[PDB]
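Working notes for the structure below.
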Amino acid sequence: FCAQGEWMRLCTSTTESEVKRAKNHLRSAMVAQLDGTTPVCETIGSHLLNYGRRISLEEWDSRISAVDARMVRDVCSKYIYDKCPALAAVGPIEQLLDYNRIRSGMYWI
Amino acid sequence: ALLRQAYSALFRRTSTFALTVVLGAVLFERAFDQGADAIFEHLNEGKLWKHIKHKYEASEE
Amino acid sequence: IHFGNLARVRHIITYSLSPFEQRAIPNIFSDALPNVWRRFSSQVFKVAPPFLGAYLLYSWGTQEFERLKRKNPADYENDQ
Amino acid sequence: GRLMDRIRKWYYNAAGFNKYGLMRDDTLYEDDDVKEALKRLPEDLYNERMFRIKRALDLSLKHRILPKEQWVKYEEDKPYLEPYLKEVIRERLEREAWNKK
Amino acid sequence: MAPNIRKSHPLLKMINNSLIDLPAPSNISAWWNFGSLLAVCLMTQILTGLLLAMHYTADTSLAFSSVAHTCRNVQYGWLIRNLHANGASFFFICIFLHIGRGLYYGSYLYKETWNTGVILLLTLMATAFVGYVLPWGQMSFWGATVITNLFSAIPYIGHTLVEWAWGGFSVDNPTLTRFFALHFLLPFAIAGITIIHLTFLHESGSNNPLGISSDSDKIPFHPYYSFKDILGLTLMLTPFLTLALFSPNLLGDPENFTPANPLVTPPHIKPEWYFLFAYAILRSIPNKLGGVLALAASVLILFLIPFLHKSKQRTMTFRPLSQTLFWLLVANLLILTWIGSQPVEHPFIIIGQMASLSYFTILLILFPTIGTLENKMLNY
Ligand code: HEM
Ligand code: HEM
Ligand SMILES: CO/C=C(/C(=O)OC)c1ccccc1Oc1cc(Oc2ccccc2C#N)ncn1
């Protein structure tokens, strides 16, 4: 209930404060993925294979910095809002229930 | 594609979905009534006062 | 709290599709109707009988009642 | 001769729970004795019973039954609970009797 | 307190645990749609009832015309009057299907839910009975007269209880005014007891058509049953309105379009369709006292059902013998209904006693007997 709630917040009411912090966490994250030779090498192998070139931290940072509240909301709305999700549940899941109910958690903040 | 347009413009946002129902109702009523009344009177030609009214409506004594 | 305390269930997997990925009334002729017929068939001789019997009793009793209202000529054959 | 057996096998098919893939014992109303009996069932028997039942309810909400092939055959119906249930009732009657004395 | 306010709040929590997050069997059929229809039926009677009450006058000298005034002058008075009068039948149709379902699926094993249910039925009957007198037409007065006099047959306290109820020596104005008060009151008792009905019910949850535990497969009431029930509402509501709008008097007695007259007995004093079956049983026993008991018993018999269950299975789904016995009973009731609308003459008199006799035999003797028999045929 709370989780889907947070997704709905993303689409409808993200704050510049939130993104401002999310961006710093993301920067630290990308930088942290290049901590060593194996991880830098892993990046290269992938970037080439997937983007057909290397995307430097300098570029990532450029892109990451252009992101703002308004943008997060639009992108999220575009991929999350009122979408039929895919669900996998394993274990003692009796208390989680009904695709229908979950599907409804997909709209209205 | 109307369905897609309808979806994007009307049914996606809950606010617009309500606005569509209200505006939809206002228009549905107007049309639906006129139509039903239209059907009822045709199926009853010359039987309703509306129909015979002229005979005593400023045409007697 | 009634969800989560119901039953001890193990090893059952279930697969379901969103309502928007599927049809509301699928296979009306290949699955639906056949079954409707199947269901009707399996019950008709359990429900129908007593209702048919009721009908007969009703018809008899209604006719037997109107018949007793008519006059029997055998009460006036010697009323000269 | 085989009269009682002709009748039973007949009622069994007349009943029709076998069309859902349920065993006779799956159809028992869960009163007090039956509930205790069920707690004594070995895990595997219990989980099988559970699936059979869940399956039946799903068929029931769908207004379908199993294909004639999958129907439980009179002679292949396993009376998995009757043994436990009889013991539970035996125990209960003992206590009832004893608490009277 | 808690994450979502649908669980924490002292009120929503109630609305949630009974109409939204309430666990329902995934396989309950259309026969389970009658409870909600009964509830909606009740809200509608109370509603149309109040709207009519605001124009009614409980006095022998004004009753009949106050109702006519309502139909003839009040804006949509005729519609409301129709809906209320016809709603009473919709109510009973729904209640007989509600009861049937429970008998066929052994819902009565939920003793308290069942007993509060019988009380709801008795209160509903008293309500409709006293409501029927209000227009003060011929059948209003004579029905009141016939039925209330039956009780002067109770030993010793007979005449007393009756004259007390009438507030005099015959059905007259003081009876009408107290019947209006009662008719206004009882529906509220029905609403109250209904809450108890559902409270006991929630202790166990719903039974289902296969009569086996559905804990392995439960679904939230909403949206599954909120939608199923709303659909069930419009499906029934169509025949209802079709009747109330295209054939307003199909079920009513023409005799009631004549003001009550104590000096003119109608030729055929008979009740509304939903009471006919009981009227038949009444007349089956020639002897004022026995008939009254027989009448009372025709409905009180419902309190015994929970005690006459012998089957090892809950429902009759997998009990072919019990199933035919069940439809015999239903057919038996159509016959009694029919007999109840006929004059007391041959062949109707004998047929009446046969159907009355088989009615009680089937519930008291056959059902429990066939049940046991079937237990033997399952090798139990
Ligand atoms: C004003 C009348 C009544 C109201 C408003 C009412 C309402 C309800 C409701 C809403 C339910 C749940 C939905 C359903 O299963 O249909 C219910 C269930 C039930 N009611 Fe009633 N009821 C009424 C009368 C009665 C009567 C007369 C009986 C029987 C004598 C009765 C017996 C039951 C039982 C045993 C259940 C359990 C259903 C099951 O097997 O799951 N009710 N009722
Ligand atoms: C359980 C719900 C109710 C039932 C079963 C019911 C039943 C009836 C019946 C059978 C009649 C006679 C119909 C006819 O004219 O042929 C009647 C009349 C009437 N009822 Fe109700 N009623 C109910 C609730 C109410 C309530 C709550 C009120 C309002 C407080 C009310 C007020 C009236 C009035 C004023 C009449 C007399 C006018 C008329 O005959 O239409 N009723 N009712
Ligand atoms: C005031 O009379 C109201 C009548 C009515 O049908 O209201 C709906 C009525 C009209 C004509 C003749 C009798 C009438 O009343 C009744 C009342 C009645 O009440 C019972 C129903 C079931 C079980 C016991 C009783 C009693 N007493 N059973 C049959 N007819």
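Labeling convention for the structure tokens: chains A, B, ... as they appear, residues from 1 per chain, ligands from 1 in order of appearance.
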
>> ligand 3: which residues are within 6 Å, counting only C-alpha atoms and all ligand atoms? Reply as number ranges by chain.
In response: E: 128-130, 132-133, 139-140, 143-144, 147, 269-272, 275-276, 278-279, 295-296, 298-299

Produce as a CSV table (one decimal) with N, CA, C and O atoms, in the first residue's frame the set of residues near ligand 2, where near means within 6 Å with only C-alpha atoms and all ligand atoms considered.
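Dumped everything to out_4.csv:
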chain,number,residue,atom,x,y,z
E,42,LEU,N,-34.7,-2.6,1.6
E,42,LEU,CA,-35.1,-2.0,2.8
E,42,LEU,C,-34.8,-0.4,2.8
E,42,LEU,O,-35.7,0.3,3.3
E,45,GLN,N,-37.7,1.1,0.7
E,45,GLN,CA,-39.0,1.1,1.3
E,45,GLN,C,-39.1,2.2,2.3
E,45,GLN,O,-40.1,2.9,2.4
E,46,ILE,N,-38.1,2.3,3.2
E,46,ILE,CA,-38.0,3.3,4.2
E,46,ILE,C,-38.1,4.7,3.5
E,46,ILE,O,-38.8,5.6,4.0
E,49,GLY,N,-41.4,5.1,1.9
E,49,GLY,CA,-42.3,5.1,3.0
E,49,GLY,C,-42.5,6.5,3.6
E,49,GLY,O,-43.6,6.9,3.8
E,50,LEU,N,-41.4,7.1,3.9
E,50,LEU,CA,-41.3,8.4,4.5
E,50,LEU,C,-42.0,9.5,3.6
E,50,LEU,O,-42.8,10.3,4.0
E,52,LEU,N,-44.3,8.9,1.5
E,52,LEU,CA,-45.7,8.8,1.5
E,52,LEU,C,-46.3,9.2,2.8
E,52,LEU,O,-47.4,9.7,2.9
E,53,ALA,N,-45.6,8.9,3.9
E,53,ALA,CA,-46.0,9.3,5.2
E,53,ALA,C,-46.2,10.8,5.4
E,53,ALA,O,-47.0,11.2,6.2
E,56,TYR,N,-49.8,11.3,4.3
E,56,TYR,CA,-50.9,10.4,4.8
E,56,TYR,C,-51.5,10.9,6.0
E,56,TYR,O,-51.0,11.7,6.8
E,67,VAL,N,-54.5,9.0,0.6
E,67,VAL,CA,-53.7,8.2,-0.3
E,67,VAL,C,-54.1,8.5,-1.7
E,67,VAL,O,-53.3,8.6,-2.6
E,81,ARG,N,-46.1,6.1,-4.6
E,81,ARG,CA,-47.1,5.1,-4.1
E,81,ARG,C,-46.8,3.8,-4.8
E,81,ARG,O,-46.7,2.7,-4.2
E,85,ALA,N,-45.6,0.3,-2.9
E,85,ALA,CA,-46.5,-0.8,-2.9
E,85,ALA,C,-45.9,-2.0,-3.6
E,85,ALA,O,-45.9,-3.1,-3.1
E,88,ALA,N,-42.8,-3.7,-1.8
E,88,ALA,CA,-43.1,-4.7,-0.8
E,88,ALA,C,-43.0,-6.1,-1.5
E,88,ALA,O,-42.6,-7.0,-0.8
E,124,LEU,N,-40.6,-8.4,9.0
E,124,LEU,CA,-41.0,-7.9,7.6
E,124,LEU,C,-42.5,-8.2,7.3
E,124,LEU,O,-43.2,-7.4,6.7
E,127,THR,N,-44.7,-5.9,9.4
E,127,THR,CA,-44.6,-4.6,8.8
E,127,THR,C,-45.6,-4.6,7.6
E,127,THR,O,-46.5,-3.7,7.6
E,128,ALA,N,-45.4,-5.5,6.6
E,128,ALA,CA,-46.3,-5.5,5.4
E,128,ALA,C,-47.7,-5.6,5.8
E,128,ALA,O,-48.6,-5.0,5.2
E,131,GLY,N,-48.9,-2.3,7.2
E,131,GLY,CA,-48.8,-1.3,6.2
E,131,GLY,C,-50.0,-1.5,5.3
E,131,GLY,O,-50.6,-0.5,4.8
E,132,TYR,N,-50.4,-2.7,5.0
E,132,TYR,CA,-51.5,-3.0,4.1
E,132,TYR,C,-52.8,-2.4,4.5
E,132,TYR,O,-53.7,-2.1,3.7
E,134,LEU,N,-53.2,0.6,6.1
E,134,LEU,CA,-53.3,2.0,5.9
E,134,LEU,C,-54.1,2.7,4.9
E,134,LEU,O,-54.7,3.7,5.1
E,135,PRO,N,-54.2,2.1,3.7
E,135,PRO,CA,-55.0,2.8,2.7
E,135,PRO,C,-56.5,2.7,3.0
E,135,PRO,O,-57.3,3.4,2.5
E,184,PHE,N,-44.6,2.6,10.9
E,184,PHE,CA,-43.5,3.5,10.8
E,184,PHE,C,-42.3,3.0,11.5
E,184,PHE,O,-41.2,3.1,11.1
E,187,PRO,N,-40.0,-1.0,10.5
E,187,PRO,CA,-38.9,-1.0,9.5
E,187,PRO,C,-37.5,-0.6,10.1
E,187,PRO,O,-36.5,-1.1,9.7

> How would you write, as a PyMOL selection string, the set of residues in chain C that DSSP gives as alpha helix (DSSP H)?
Replying inline: chain C and resi 33-67

Residues of the last selection are to be written out with C-alpha atoms, as an mmCIF file, in the first residue's frame.
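Contents of part08.cif, as written:
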data_model
loop_
_atom_site.group_PDB
_atom_site.id
_atom_site.type_symbol
_atom_site.label_atom_id
_atom_site.label_comp_id
_atom_site.auth_asym_id
_atom_site.auth_seq_id
_atom_site.Cartn_x
_atom_site.Cartn_y
_atom_site.Cartn_z
ATOM 1 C CA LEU C 33 -22.817 -21.874 -24.602
ATOM 2 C CA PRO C 34 -21.728 -25.531 -24.604
ATOM 3 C CA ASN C 35 -21.409 -25.257 -20.798
ATOM 4 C CA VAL C 36 -24.704 -23.431 -20.435
ATOM 5 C CA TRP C 37 -26.268 -26.364 -22.219
ATOM 6 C CA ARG C 38 -24.265 -28.796 -20.082
ATOM 7 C CA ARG C 39 -25.507 -27.083 -16.912
ATOM 8 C CA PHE C 40 -29.112 -26.986 -18.083
ATOM 9 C CA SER C 41 -28.980 -30.637 -19.062
ATOM 10 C CA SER C 42 -27.538 -31.833 -15.770
ATOM 11 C CA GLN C 43 -30.333 -30.167 -13.760
ATOM 12 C CA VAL C 44 -33.537 -30.356 -15.879
ATOM 13 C CA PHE C 45 -34.594 -33.770 -14.647
ATOM 14 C CA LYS C 46 -34.154 -32.715 -11.015
ATOM 15 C CA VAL C 47 -35.986 -29.398 -11.164
ATOM 16 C CA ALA C 48 -38.559 -29.863 -13.940
ATOM 17 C CA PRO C 49 -40.423 -32.995 -12.714
ATOM 18 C CA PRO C 50 -42.027 -31.592 -9.528
ATOM 19 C CA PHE C 51 -42.875 -28.364 -11.390
ATOM 20 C CA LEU C 52 -44.489 -30.369 -14.202
ATOM 21 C CA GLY C 53 -46.339 -32.382 -11.572
ATOM 22 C CA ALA C 54 -47.502 -29.136 -9.942
ATOM 23 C CA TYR C 55 -48.777 -27.908 -13.298
ATOM 24 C CA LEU C 56 -50.821 -31.042 -13.913
ATOM 25 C CA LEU C 57 -52.396 -30.889 -10.455
ATOM 26 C CA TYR C 58 -53.184 -27.240 -11.178
ATOM 27 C CA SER C 59 -54.823 -28.005 -14.532
ATOM 28 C CA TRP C 60 -56.801 -30.904 -13.168
ATOM 29 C CA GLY C 61 -58.001 -28.968 -10.143
ATOM 30 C CA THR C 62 -58.907 -25.923 -12.220
ATOM 31 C CA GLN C 63 -60.890 -27.941 -14.769
ATOM 32 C CA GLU C 64 -62.424 -30.194 -12.149
ATOM 33 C CA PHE C 65 -63.688 -27.034 -10.475
ATOM 34 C CA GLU C 66 -65.304 -25.556 -13.560
ATOM 35 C CA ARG C 67 -66.788 -28.939 -14.413
#

Using only C-alpha atoms and all ligand atoms, find each residue in chain E having at least one atom no more than 7 Å away from ligand 1; report its shortest atom-to-atom pair and that distance in Å (one decimal), rows by chain then rising number, as JSON lines.
{"residue": "E:31", "atom": "CA", "partner": "ligand 1", "partner_atom_place_in_ligand_line": "16 (O)", "distance": 6.8}
{"residue": "E:32", "atom": "CA", "partner": "ligand 1", "partner_atom_place_in_ligand_line": "16 (O)", "distance": 3.9}
{"residue": "E:33", "atom": "CA", "partner": "ligand 1", "partner_atom_place_in_ligand_line": "16 (O)", "distance": 5.2}
{"residue": "E:34", "atom": "CA", "partner": "ligand 1", "partner_atom_place_in_ligand_line": "16 (O)", "distance": 4.7}
{"residue": "E:35", "atom": "CA", "partner": "ligand 1", "partner_atom_place_in_ligand_line": "10 (C)", "distance": 3.4}
{"residue": "E:36", "atom": "CA", "partner": "ligand 1", "partner_atom_place_in_ligand_line": "10 (C)", "distance": 4.5}
{"residue": "E:38", "atom": "CA", "partner": "ligand 1", "partner_atom_place_in_ligand_line": "5 (C)", "distance": 4.5}
{"residue": "E:39", "atom": "CA", "partner": "ligand 1", "partner_atom_place_in_ligand_line": "5 (C)", "distance": 4.2}
{"residue": "E:42", "atom": "CA", "partner": "ligand 1", "partner_atom_place_in_ligand_line": "1 (C)", "distance": 6.6}
{"residue": "E:95", "atom": "CA", "partner": "ligand 1", "partner_atom_place_in_ligand_line": "27 (C)", "distance": 6.1}
{"residue": "E:98", "atom": "CA", "partner": "ligand 1", "partner_atom_place_in_ligand_line": "42 (N)", "distance": 6.3}
{"residue": "E:99", "atom": "CA", "partner": "ligand 1", "partner_atom_place_in_ligand_line": "29 (C)", "distance": 4.6}
{"residue": "E:102", "atom": "CA", "partner": "ligand 1", "partner_atom_place_in_ligand_line": "35 (C)", "distance": 5.5}
{"residue": "E:105", "atom": "CA", "partner": "ligand 1", "partner_atom_place_in_ligand_line": "40 (O)", "distance": 6.5}
{"residue": "E:106", "atom": "CA", "partner": "ligand 1", "partner_atom_place_in_ligand_line": "40 (O)", "distance": 6.8}
{"residue": "E:107", "atom": "CA", "partner": "ligand 1", "partner_atom_place_in_ligand_line": "40 (O)", "distance": 3.8}
{"residue": "E:108", "atom": "CA", "partner": "ligand 1", "partner_atom_place_in_ligand_line": "35 (C)", "distance": 4.6}
{"residue": "E:110", "atom": "CA", "partner": "ligand 1", "partner_atom_place_in_ligand_line": "35 (C)", "distance": 5.7}
{"residue": "E:113", "atom": "CA", "partner": "ligand 1", "partner_atom_place_in_ligand_line": "35 (C)", "distance": 5.2}
{"residue": "E:114", "atom": "CA", "partner": "ligand 1", "partner_atom_place_in_ligand_line": "35 (C)", "distance": 4.2}
{"residue": "E:115", "atom": "CA", "partner": "ligand 1", "partner_atom_place_in_ligand_line": "30 (C)", "distance": 6.4}
{"residue": "E:117", "atom": "CA", "partner": "ligand 1", "partner_atom_place_in_ligand_line": "26 (C)", "distance": 3.5}
{"residue": "E:118", "atom": "CA", "partner": "ligand 1", "partner_atom_place_in_ligand_line": "30 (C)", "distance": 3.9}
{"residue": "E:120", "atom": "CA", "partner": "ligand 1", "partner_atom_place_in_ligand_line": "2 (C)", "distance": 5.1}
{"residue": "E:121", "atom": "CA", "partner": "ligand 1", "partner_atom_place_in_ligand_line": "27 (C)", "distance": 4.6}
{"residue": "E:124", "atom": "CA", "partner": "ligand 1", "partner_atom_place_in_ligand_line": "1 (C)", "distance": 6.7}
{"residue": "E:190", "atom": "CA", "partner": "ligand 1", "partner_atom_place_in_ligand_line": "1 (C)", "distance": 6.1}
{"residue": "E:194", "atom": "CA", "partner": "ligand 1", "partner_atom_place_in_ligand_line": "5 (C)", "distance": 5.3}
{"residue": "E:197", "atom": "CA", "partner": "ligand 1", "partner_atom_place_in_ligand_line": "21 (Fe)", "distance": 6.6}
{"residue": "E:198", "atom": "CA", "partner": "ligand 1", "partner_atom_place_in_ligand_line": "9 (C)", "distance": 6.1}
{"residue": "E:201", "atom": "CA", "partner": "ligand 1", "partner_atom_place_in_ligand_line": "37 (C)", "distance": 6.4}
{"residue": "E:205", "atom": "CA", "partner": "ligand 1", "partner_atom_place_in_ligand_line": "41 (O)", "distance": 6.8}
{"residue": "E:206", "atom": "CA", "partner": "ligand 1", "partner_atom_place_in_ligand_line": "41 (O)", "distance": 3.5}
{"residue": "E:207", "atom": "CA", "partner": "ligand 1", "partner_atom_place_in_ligand_line": "41 (O)", "distance": 3.7}
{"residue": "E:208", "atom": "CA", "partner": "ligand 1", "partner_atom_place_in_ligand_line": "41 (O)", "distance": 6.0}
{"residue": "E:302", "atom": "CA", "partner": "ligand 1", "partner_atom_place_in_ligand_line": "30 (C)", "distance": 6.5}

>> Quick one: residues within 10 Å of segment 12-27 of chain C, only C-alpha atoms, excluding same-chain residues fewer than 2 positions away - as a list in words?
In response: residues 83, 84, 85, 86, 87, 88, 89, 90, 98, 99, 100 and 103 of chain A; 9, 10, 29, 30, 31, 32 and 33 of chain C; 47, 48, 50, 51 and 54 of chain D

Can you write just those residues out, N, CA and C atoms, as a PDB file, in the first residue's frame?
ATOM      1  N   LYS A  83      -0.808   1.949 -15.363  1.00  0.00           N
ATOM      2  CA  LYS A  83      -0.249   0.880 -16.166  1.00  0.00           C
ATOM      3  C   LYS A  83      -0.540  -0.465 -15.529  1.00  0.00           C
ATOM      4  N   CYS A  84      -0.671  -1.500 -16.344  1.00  0.00           N
ATOM      5  CA  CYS A  84      -0.903  -2.829 -15.790  1.00  0.00           C
ATOM      6  C   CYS A  84       0.486  -3.362 -15.459  1.00  0.00           C
ATOM      7  N   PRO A  85       0.781  -3.516 -14.173  1.00  0.00           N
ATOM      8  CA  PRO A  85       2.083  -4.016 -13.768  1.00  0.00           C
ATOM      9  C   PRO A  85       2.197  -5.535 -13.820  1.00  0.00           C
ATOM     10  N   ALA A  86       3.412  -6.010 -13.605  1.00  0.00           N
ATOM     11  CA  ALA A  86       3.697  -7.418 -13.585  1.00  0.00           C
ATOM     12  C   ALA A  86       4.056  -7.679 -12.136  1.00  0.00           C
ATOM     13  N   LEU A  87       3.456  -8.714 -11.569  1.00  0.00           N
ATOM     14  CA  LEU A  87       3.680  -9.026 -10.182  1.00  0.00           C
ATOM     15  C   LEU A  87       4.125 -10.463  -9.928  1.00  0.00           C
ATOM     16  N   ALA A  88       5.103 -10.628  -9.042  1.00  0.00           N
ATOM     17  CA  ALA A  88       5.584 -11.947  -8.662  1.00  0.00           C
ATOM     18  C   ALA A  88       5.607 -11.938  -7.147  1.00  0.00           C
ATOM     19  N   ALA A  89       5.019 -12.955  -6.534  1.00  0.00           N
ATOM     20  CA  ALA A  89       4.984 -13.039  -5.091  1.00  0.00           C
ATOM     21  C   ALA A  89       5.312 -14.458  -4.733  1.00  0.00           C
ATOM     22  N   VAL A  90       6.158 -14.618  -3.721  1.00  0.00           N
ATOM     23  CA  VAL A  90       6.592 -15.929  -3.268  1.00  0.00           C
ATOM     24  C   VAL A  90       6.641 -15.958  -1.749  1.00  0.00           C
ATOM     25  N   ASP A  98      -5.220  -9.862  -4.728  1.00  0.00           N
ATOM     26  CA  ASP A  98      -5.959  -9.348  -5.835  1.00  0.00           C
ATOM     27  C   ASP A  98      -5.236  -8.407  -6.782  1.00  0.00           C
ATOM     28  N   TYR A  99      -5.004  -8.896  -7.997  1.00  0.00           N
ATOM     29  CA  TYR A  99      -4.347  -8.123  -9.019  1.00  0.00           C
ATOM     30  C   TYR A  99      -5.148  -6.853  -9.174  1.00  0.00           C
ATOM     31  N   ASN A 100      -6.464  -6.998  -9.190  1.00  0.00           N
ATOM     32  CA  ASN A 100      -7.351  -5.856  -9.335  1.00  0.00           C
ATOM     33  C   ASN A 100      -7.067  -4.745  -8.346  1.00  0.00           C
ATOM     34  N   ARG A 103      -3.806  -3.207  -9.224  1.00  0.00           N
ATOM     35  CA  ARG A 103      -3.942  -2.414 -10.430  1.00  0.00           C
ATOM     36  C   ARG A 103      -4.553  -1.059 -10.127  1.00  0.00           C
TER      37      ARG A 103
ATOM     38  N   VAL C   9      -1.520 -22.935   3.490  1.00  0.00           N
ATOM     39  CA  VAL C   9      -1.435 -23.419   2.123  1.00  0.00           C
ATOM     40  C   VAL C   9      -0.015 -23.558   1.630  1.00  0.00           C
ATOM     41  N   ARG C  10       0.270 -24.660   0.949  1.00  0.00           N
ATOM     42  CA  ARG C  10       1.612 -24.871   0.441  1.00  0.00           C
ATOM     43  C   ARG C  10       1.705 -25.450  -0.961  1.00  0.00           C
ATOM     44  N   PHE C  29     -19.005 -19.253 -28.126  1.00  0.00           N
ATOM     45  CA  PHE C  29     -19.494 -20.439 -28.791  1.00  0.00           C
ATOM     46  C   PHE C  29     -18.717 -21.701 -28.506  1.00  0.00           C
ATOM     47  N   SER C  30     -17.407 -21.594 -28.369  1.00  0.00           N
ATOM     48  CA  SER C  30     -16.610 -22.784 -28.111  1.00  0.00           C
ATOM     49  C   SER C  30     -16.612 -23.279 -26.667  1.00  0.00           C
ATOM     50  N   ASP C  31     -16.893 -22.378 -25.726  1.00  0.00           N
ATOM     51  CA  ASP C  31     -16.849 -22.700 -24.297  1.00  0.00           C
ATOM     52  C   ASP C  31     -18.110 -22.326 -23.502  1.00  0.00           C
ATOM     53  N   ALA C  32     -18.519 -21.067 -23.603  1.00  0.00           N
ATOM     54  CA  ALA C  32     -19.675 -20.573 -22.861  1.00  0.00           C
ATOM     55  C   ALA C  32     -20.973 -21.344 -23.078  1.00  0.00           C
ATOM     56  N   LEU C  33     -21.554 -21.214 -24.273  1.00  0.00           N
ATOM     57  CA  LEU C  33     -22.817 -21.874 -24.602  1.00  0.00           C
ATOM     58  C   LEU C  33     -22.819 -23.379 -24.343  1.00  0.00           C
TER      59      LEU C  33
ATOM     60  N   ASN D  47      -1.770 -31.207   2.103  1.00  0.00           N
ATOM     61  CA  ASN D  47      -1.563 -30.276   1.010  1.00  0.00           C
ATOM     62  C   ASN D  47      -2.277 -30.677  -0.261  1.00  0.00           C
ATOM     63  N   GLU D  48      -2.437 -31.982  -0.450  1.00  0.00           N
ATOM     64  CA  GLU D  48      -3.123 -32.507  -1.625  1.00  0.00           C
ATOM     65  C   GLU D  48      -4.605 -32.161  -1.501  1.00  0.00           C
ATOM     66  N   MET D  50      -5.869 -29.786   0.125  1.00  0.00           N
ATOM     67  CA  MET D  50      -5.985 -28.349  -0.026  1.00  0.00           C
ATOM     68  C   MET D  50      -6.015 -27.963  -1.489  1.00  0.00           C
ATOM     69  N   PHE D  51      -5.141 -28.558  -2.296  1.00  0.00           N
ATOM     70  CA  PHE D  51      -5.134 -28.207  -3.706  1.00  0.00           C
ATOM     71  C   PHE D  51      -6.431 -28.634  -4.371  1.00  0.00           C
ATOM     72  N   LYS D  54      -9.058 -26.124  -3.418  1.00  0.00           N
ATOM     73  CA  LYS D  54      -8.853 -24.830  -4.047  1.00  0.00           C
ATOM     74  C   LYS D  54      -9.253 -24.959  -5.510  1.00  0.00           C
TER      75      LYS D  54
END

>> What parts of segment 2-150 of chain E does DSSP call strand (DSSP E or B)? I'd like the answer as an MDAnalysis selection string.
In response: chainID E and resid 23:25 137

Could you please take those selected residues and save N, CA and C atoms as an mmCIF file, in the first residue's frame?
data_model
loop_
_atom_site.group_PDB
_atom_site.id
_atom_site.type_symbol
_atom_site.label_atom_id
_atom_site.label_comp_id
_atom_site.auth_asym_id
_atom_site.auth_seq_id
_atom_site.Cartn_x
_atom_site.Cartn_y
_atom_site.Cartn_z
ATOM 1 N N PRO E 23 -13.083 -10.471 3.484
ATOM 2 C CA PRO E 23 -12.811 -11.713 2.755
ATOM 3 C C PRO E 23 -14.076 -12.464 2.310
ATOM 4 N N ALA E 24 -14.235 -12.630 1.001
ATOM 5 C CA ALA E 24 -15.390 -13.338 0.454
ATOM 6 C C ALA E 24 -14.982 -14.575 -0.346
ATOM 7 N N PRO E 25 -15.803 -15.633 -0.294
ATOM 8 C CA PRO E 25 -15.474 -16.848 -1.041
ATOM 9 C C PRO E 25 -15.415 -16.490 -2.529
ATOM 10 N N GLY E 137 -58.836 0.381 2.425
ATOM 11 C CA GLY E 137 -59.725 -0.063 1.368
ATOM 12 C C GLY E 137 -60.512 -1.288 1.886
#
